[PDB]
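A.B. asks: Top to bottom, those sequences are chains A and B.
297 is the number of the first residue of the first sequence in the deposited numbering; add one for each residue after it.
203 is the number of the first residue of the second sequence in the deposited numbering; add one for each residue after it.
C-beta atoms are modelled at their ideal positions from N, C-alpha and C, and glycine is treated no differently.
I am attaching a structure below and will ask some questions about it afterwards.
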Amino acid sequence: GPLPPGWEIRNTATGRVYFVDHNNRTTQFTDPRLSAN
Amino acid sequence: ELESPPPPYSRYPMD
C-alpha cells in the first residue's frame, strides 16, 4: 500500500491520524494524511 | 504536533 515500510499508521476514533515511526519511536499526528488530502 | 497530544508510543496503539 501507499504506506512506507518504515512507517506505522493508525487513526484514532476521534478522527485524527497518528503515524508511529519505529525509526524515531515517536507518534505523528503530523501526518502524511493531512499532507496528502 | 499542531493537533492535540497524540497516543503514547506503543507500536500498535488500540484506538
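Return yes when the C-beta of A/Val313 is under 8 Å from any heavy atom of the ligand GDP, and no when it is not.
C.D. replies: Ligands in the displayed structure: none, and consequently the ligand GDP is not present.
A.B. asks: Indicate the three-state DSSP secondary structure (helix, strand or coil) for A/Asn307 in the structure shown.
C.D. replies: For this step, residue 307 of chain A is matched to residue 11 along the first sequence. Three-state result, A/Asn307: strand.
A.B. asks: Have a look at A/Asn333, A/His318 and A/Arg312 and flag the residue whose alpha-carbon is nearest the alpha-carbon of B/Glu203.
C.D. replies: Residue 203 of chain B sits at position 1 when you count from the first residue of the second sequence. Ranking the options by Cα distance to B/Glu203, first place goes to A/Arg312.
A.B. asks: Note down the Cα distance separating B/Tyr211 from A/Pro301, rounded to an integer number of angstroms.
C.D. replies: Your numbering for residue 211 of chain B matches position 9 in the second sequence. Your numbering for residue 301 of chain A matches position 5 in the first sequence. Answer to the nearest angstrom: the Cα atoms are 18 Å apart.
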